[PDB]
Amino acid sequence: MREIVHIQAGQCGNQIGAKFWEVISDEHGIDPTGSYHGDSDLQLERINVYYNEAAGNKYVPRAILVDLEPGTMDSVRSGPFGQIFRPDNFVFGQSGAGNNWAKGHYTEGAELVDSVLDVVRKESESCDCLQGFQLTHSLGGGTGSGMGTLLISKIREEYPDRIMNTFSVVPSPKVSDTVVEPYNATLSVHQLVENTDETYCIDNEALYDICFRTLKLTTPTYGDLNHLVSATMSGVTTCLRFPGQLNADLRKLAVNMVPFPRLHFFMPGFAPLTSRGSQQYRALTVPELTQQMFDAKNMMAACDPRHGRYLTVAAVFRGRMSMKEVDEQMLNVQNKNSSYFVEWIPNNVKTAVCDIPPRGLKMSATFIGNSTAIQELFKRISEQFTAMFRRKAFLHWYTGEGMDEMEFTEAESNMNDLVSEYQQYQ
Amino acid sequence: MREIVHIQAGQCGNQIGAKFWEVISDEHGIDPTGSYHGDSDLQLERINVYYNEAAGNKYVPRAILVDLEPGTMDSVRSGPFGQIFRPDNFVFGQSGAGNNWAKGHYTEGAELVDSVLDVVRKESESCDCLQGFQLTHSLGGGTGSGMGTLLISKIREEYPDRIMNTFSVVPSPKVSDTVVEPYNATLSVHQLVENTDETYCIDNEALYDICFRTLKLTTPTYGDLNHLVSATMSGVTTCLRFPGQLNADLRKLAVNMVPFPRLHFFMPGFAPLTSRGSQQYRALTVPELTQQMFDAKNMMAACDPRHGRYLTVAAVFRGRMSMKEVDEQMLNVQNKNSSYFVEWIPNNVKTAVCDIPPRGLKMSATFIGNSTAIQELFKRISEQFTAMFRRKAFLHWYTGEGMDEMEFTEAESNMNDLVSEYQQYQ
Amino acid sequence: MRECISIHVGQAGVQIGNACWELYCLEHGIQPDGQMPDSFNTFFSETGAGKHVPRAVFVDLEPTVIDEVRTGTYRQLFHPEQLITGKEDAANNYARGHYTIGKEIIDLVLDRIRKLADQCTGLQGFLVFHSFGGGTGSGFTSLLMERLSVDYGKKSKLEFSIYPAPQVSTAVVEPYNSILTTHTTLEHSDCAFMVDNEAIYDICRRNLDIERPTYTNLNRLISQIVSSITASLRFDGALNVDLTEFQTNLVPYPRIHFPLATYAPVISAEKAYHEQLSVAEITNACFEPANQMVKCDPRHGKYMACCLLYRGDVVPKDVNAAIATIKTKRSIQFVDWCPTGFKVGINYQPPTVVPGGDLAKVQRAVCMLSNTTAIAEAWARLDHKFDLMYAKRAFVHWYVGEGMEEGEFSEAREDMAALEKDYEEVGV
Amino acid sequence: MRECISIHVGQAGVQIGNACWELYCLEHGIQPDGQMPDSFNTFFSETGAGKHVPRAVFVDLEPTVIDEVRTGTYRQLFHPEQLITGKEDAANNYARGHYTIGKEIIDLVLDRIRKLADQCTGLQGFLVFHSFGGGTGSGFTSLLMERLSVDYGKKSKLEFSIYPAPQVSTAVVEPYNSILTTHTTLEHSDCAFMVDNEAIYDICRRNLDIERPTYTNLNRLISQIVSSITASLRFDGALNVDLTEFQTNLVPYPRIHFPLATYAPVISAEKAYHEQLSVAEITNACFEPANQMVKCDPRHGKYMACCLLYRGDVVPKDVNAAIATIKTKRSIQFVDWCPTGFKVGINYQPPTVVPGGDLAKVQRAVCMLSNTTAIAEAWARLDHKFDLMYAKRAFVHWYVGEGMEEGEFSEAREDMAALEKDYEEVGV
Ligand SMILES: Nc1nc2c(ncn2[C@@H]2O[C@H](COP(=O)(O)OP(=O)(O)OP(=O)(O)O)[C@@H](O)[C@H]2O)c(=O)[nH]1
Ligand SMILES: Nc1nc2c(ncn2[C@@H]2O[C@H](COP(=O)(O)OP(=O)(O)OP(=O)(O)O)[C@@H](O)[C@H]2O)c(=O)[nH]1
Ligand SMILES: Nc1nc2c(ncn2[C@@H]2O[C@H](COP(=O)(O)OP(=O)(O)O)[C@@H](O)[C@H]2O)c(=O)[nH]1
Ligand SMILES: Nc1nc2c(ncn2[C@@H]2O[C@H](COP(=O)(O)OP(=O)(O)O)[C@@H](O)[C@H]2O)c(=O)[nH]1
Ligand SMILES: [Mg+2]
Ligand SMILES: [Mg+2]
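Line order of the protein sequences matches chains B, D, A and C. First residue of the first sequence: 1, per the entry's author numbering; consecutive thereafter. First residue of the second sequence: 1, per the entry's author numbering; consecutive thereafter. Taking the entry's author numbering, I'd label the letters of the third sequence as residues 1 to 37, 47 to 437. Taking the entry's author numbering, I'd label the letters of the fourth sequence as residues 1 to 37, 47 to 437.
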């Protein structure tokens, strides 16, 4: 009854989308050919939320893959589970954005956005009642940032009453991948603060921290980080696909977590996460899950939650569990750390419980936190942008594409206003 | 693609021409009948630069022989390799110059130069793209000096865009083979400074010194001197005939060696040169070659290079070698003797390497030096000319042929200007 | 003869309805497919031959919870038309439940209520199950009660609601929804029975010796309370009270119509052996604050009226003696202007226990319904939370975007303050 | 899908291209006859059946060097019309290369590039290999760059050039040609990768333990560098970087586009056994002055932008750790206005080794493209030599006789001074 469409932009977006679709197919018992092979009918009752029935009992994911270079598209086509995607959904260009926001937003993005919007319009018209849109992309790149921004703007113009979710990776604090990262990040945030409903900020350094300290992984690989992100993504929308005691869809989480429209930047977390040698040394119960949530070590954003205050918190639990334990433990964790919770919002925590746990686990849970410590990341990105723009470095690359310095100034001012607001409500 | 046409004038010119053609034929594997008998195809790839294909796989040299008496031409025709020359190329008179510049330039030269010019014009039109001309002659003789200068003037009128080289033997300081040597030498250099691109000065006593001290030759003969000169001549143009790592043709050497149009008088040298006994007591390496180059004993001009400064230096290496050694040793020899190198020209040395070494030798190299010390030779010739002209000695021999004393004064002034410039740049 | 209609709204109302109808089917011997191998006529309709269908309506703006009913064990029990489902939930938003999403489906539900009413000859009233904190269970419930009051009028309507707990709450915007729903439904509900999840959690942990009570246990206990209330209609007793008697005996003033329910005895099989469960001891247990089903302290309040529903092997004389003993106790107090504050009801059929349940089989039981001024404390804490949240205008834009107005917020605040003032004035 | 076209000009360019195409044929398993027993299409075209022809153009104004190609082992690999030869060499004369002899052959070369580009669908840009000191490699290369910029425009052009060395140089008139060609191709270049001869001599002598390096070893090393640069296009990896990304990440200002190249690890088989070649230490080795490919001092300069290209068994976490360790080091420094100074690209294909080569087979390799202000020192020594030579008007008549004017010398001097001023101003 409720439908979710998927969009993947850029190399990072495509890779996370591939991992997420593999995880979802594993959950629903669908083999890489599109034929259902599960046992429990619960895997099939709400399968339409992510899959389309295309005759012959074959299910095709409701996804659109977008990129300005064929490389990642070819890699995802040739890789595992690359067959199930519809060949018409692969919309790819030839030039490539070259890690430039202006190229992906103004030059090549303008050319490709018409075809991408046509495909997304056909997909949305094919469904009965879409819940909303979700997009995976990066804010440091040229294809991801600019193209996903233009796409979000176009859909928000077309479908104003639907939910827009994004799972975007923000630039890392310590070591950067691209030289021009701050420009793209600042412009992308400038557009996101207006054109989206909720954003989940992911940091690669946080994922490395998790994989090293918590998962005891000797040699982490990008596949593992995408695995963690996909686990979070599956955890968020679990109540739309399986029955439970207390159900919460995307709109419920939105109405519970964002008090003011510009304050919709969340940090996600997942539990449990244990190494190979450490499974035997813990009894998997609700106390351990809720302890693993409220911990800076387990956060997927490179921001310390104890440097600020939580505005709202959402905890989505999966598995057969007792509601009394959940409620009393949320109350207890609120009581013990009252210094980290905003005083003028009683009951900062919103709860939801789903009966079906992920395959292989008896219990699992997903944490979404709207804290004011994201001001640190925004502040440092703004500071780097100011340092670069002071000397007009790399400015001709963006200016030659038709961009103006006024756009840079507007983006800087908007980020400063947002950090001012986040400091104000602290 | 690039063709060189050879000219021989006078007794000395004809003798060195015969020796040089013998050496070249041996290098290219051509028997004294004109038929190819070598093994390596490299001998035949660029054989057109000196030989014409005259049907029936027979090659004839592209050379013109000139003299005012049949004696030397009869001798060269009767001697070894005399058959390969084309009979029509033998242009000779009957009178003879009698060691008089006027006869060779005005009286008999005027009559015979038209036929010589027709022959060279035919030869040049036969080739597709000529590099230039080279002349072998003497400045102390009557036929050689006058005819060589007149021919040089005529060709420079006819072909102004082509390189003009001369291998001229100058009157020598200690002993003199002719009483009237300075007069002919004076007029010869007067014409040479204006009508040539580069001239290589050869001195008989320098060759005698090399043969005695270096080659340990008890009884040197004109054949050995001409052999050394031919070795130098073949070394100069080796890059036009064989492949190499760094290639330098005549035009490259000119543009690298002559900084001002009047300063194109070089002093060539060759290495290695060892006797029969002394061949066992050294290892043939680049250090020994470059040591043999920069030595007054090994130079073919009767002028000490240490009495002046080197303007430019060209070192053409033959054989399979390492370029690192060549560059490092040129730098080293530049550094050690900074007092003998001009300060306002960095990198006085130009290098070039050819893969094919001369037959019999593993490695060899040729040195061309443009040094101020040639001022000593010019000053000596000028002083002798002034000493004889003060008393008007032997002046009627030259006056009766139609010459005027004004020409003598102009030539004396030209030497004075030349030596003044050479001293100035010191 | 006399019939009763049940309406279940929202997730909580629907799940409570499943528990209640399972208990009814167990009591009357009706199989899950609707057959049985005649006082049940007040709760089940007879269709065709040997098929009994409940007189119930199930409403929710999202399909999953009622899809569970349509797929579960009791799929054959319910008429497929009287299970109404929407496509989008209200998402914890009163405005969506009231205006934006509520109005699309209310007409079909009203049609279904009317159709259930045609088959009724002696309809006594309506029972509504819902939660104060939810989006649909607040907004759509309020809209439904307004339309019902407009349409039917004098027929009584009784409420069974999930009042938000003092310190244990699930949602964040609960104070907004609670204040708005009381403001809207104050004048349209004849009587409301509130229970609290925290109190039932405590009761299950202490008296039933359960470590991890779930929602199913709470629903089972609530169904026991409801069955105790309606046993007078569904059977024949020595001294019975119907739906109208509750309203005419529990509300002293129209605006103060908020009694709370209390059930006894709630013991497991382990402790049922070591107690001779007489009438006096269970009557005493009904008055103890730790046993009450709303987290609140009756010690700081005053009783205006009490209703007792005796079930099973009970005789009137022991009841009268227990009432006298309660009256002499100085620890509890009745307000001065109510010399008589007790309503007694006695029934013969003992309480049936579901197989696999947590309660043990008992000979006698009591369901207490009393009006106490201590509810003003919970009202005050709710209003304090509302004031704290509304001082910053947090989450207002969500409600405004769906068609609401801040003037409605102010009106609800003023009305709840007036209700608190009325409670205080009654107290003295 | 996407294609890259190579141009090789002059003796140095032709020989470097020979080494490069040998390495490409080895990497893609193409025999010297063009047959193989599909990502190679970016460098090789497919004609008929079982034949691959490189997308390259070889130009020289003298025939001997290209005659060696036409007679050598790879005579069957190249298309006979894409090996263009003149008759007369430029003779280290910029005027001859640019006007007198260049204009007779330029149109044929342009026609060949047009024919080659007609067969490409996703052409990325042009790679040109040439030498600064030669007459052809300066004059004709500048003419080609100008005409290419006029005709194609936005397509990127990259140069691999042989910088004149500080103390070891072959020709005499080299400063004239270098200054003139830099002045001419400043405005028509997108980025130029710079190498020097004695630098590679030192690397071969020290790290490779070779006593007498020749031109072949230098060309092999340059080939390895170019293959490392284009591996992102010719294969697939964890994180790829195309031609445009280099230009957009390494060039902060249009006139500052002279990064220097650096390769690691360059070690023989003797020392390969005694070193565990991981990511960290090769990353450090790429930053030391003794290993860079231009004889220059970076310790007295400031880095502006850094690009690292990893190949083989490399994981991103080790790359991140190595970059962090480099950043925390004080002995090297980054300019203030560039807080983020690194660009990372990772490829899966390990480097291939030629048979009989000097480098050993290694699991991982790094290509470093660094933009630093230290190039100003080499600039300054070049201007010192040019001014010292031009004070006496030496060799000027050679250039004037071919149609050049002394005003061009003055303009080149002024432009080079302006470039030095720009570098100095950016440095502070
Ligand atoms: N006693 C009891 N209370 C419940 C149960 N299920 C939900 N609740 C209460 O309902 C409150 C939230 O409202 P819901 O019923 O879940 O939501 P809703 O009424 O369907 O309204 P929506 O937000 O539109 O879904 C929670 O705070 C719970 O206290 C239940 O099974 N038993
Ligand atoms: N690294 C390297 N440098 C070379 C090579 N060949 C020539 N060079 C450089 O080129 C410079 C001289 O220019 P050349 O390439 O020889 O001549 P050109 O570029 O063809 O121009 P012309 O003088 O007209 O022939 C020398 O100083 C060398 O440093 C080579 O194979 N490898
Ligand atoms: N988590 C994660 N991050 C990635 C992945 N691939 C790239 N990234 C990040 O994305 C950034 C590069 O942006 P990119 O998507 O390549 O630019 P684009 O091609 O223009 O969209 C880098 O900072 C990487 O850290 C991936 O597979 N997983
Ligand atoms: N090196 C060398 N010099 C010669 C040879 N024959 C003559 N000479 C020199 O030439 C001079 C004689 O001039 P000559 O050629 O006979 O006069 P011409 O007949 O007018 O050309 C003498 O000074 C000799 O030193 C020779 O075979 N080799
Ligand atoms: Mg609900
Ligand atoms: Mg050359």
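Positions of the beta carbon are idealized from the N, C-alpha and C atoms, including for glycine.
Segment limits, beta strand (DSSP E) that includes residue i
i      : result
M164/B : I163 to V169
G269/D : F265 to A271
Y51/D  : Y51 to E53
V435/A : Note, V435/A: premise wrong, no beta strand (DSSP E); alpha helix (DSSP H) at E415 to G436.
Residues bridged to residue i (per DSSP)
i      : result
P80/B  : None, per the DSSP bridge assignment.
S151/C : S151/C pairs with nothing; no bridge assigned.
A201/A : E168/A
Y59/D  : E53/D
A270/C : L378/C
Beta-carbon gap between residue i and residue j smaller than 8 Å
i      : j      : result
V326/D : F133/D : no
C129/B : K96/A  : yes
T199/B : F266/B : yes
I231/C : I16/C  : yes
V344/C : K311/C : yes
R306/D : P173/D : no
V169/D : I202/D : yes
Close-in-space but distant-in-sequence residues of the same chain around residue i (CB under 7 Å, 5 per side omitted)
i      : result
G144/C : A99, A100, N101, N102, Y103, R105, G106 and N186
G400/B : none
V405/A : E415
Partner residues on chain A for residue i, Cβ-Cβ distance less than 8 Å
i      : result
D404/B : In chain order: nothing, as chain A lies at least about 32 Å away.
Enclosing alpha helix (DSSP H) for residue i [first to last residue]
i            : result
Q372/A       : Per DSSP, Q372/A belongs to no alpha helix (DSSP H) and is neither H nor E.
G109/B       : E108 to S126
residue 46/C : Since the model of chain C includes 37 and then 47 but nothing between them, residue 46/C has no atomic positions to report.
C12/D        : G10 to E27
Contacts that residue i makes with chain B (C-beta to C-beta distance below 7 Å)
i      : result
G131/C : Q94
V74/C  : Within 7 Å Cβ-Cβ: nothing; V74/C doesn't reach chain B, min ~36 Å.
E279/C : Simply none; closest approach about 30 Å.
Interface partners of residue i on chain C, CB under 8 Å
i      : result
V169/D : In chain order: nothing, as chain C lies at least about 28 Å away.
Neighbour list for residue i in chain B, Cβ cutoff strictly below 9 Å
i      : result
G350/C : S176 and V179
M1/C   : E69, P70, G71, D74 and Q94
Contact list for residue i against chain D, beta-carbon separation under 7 Å
i      : result
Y210/C : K324
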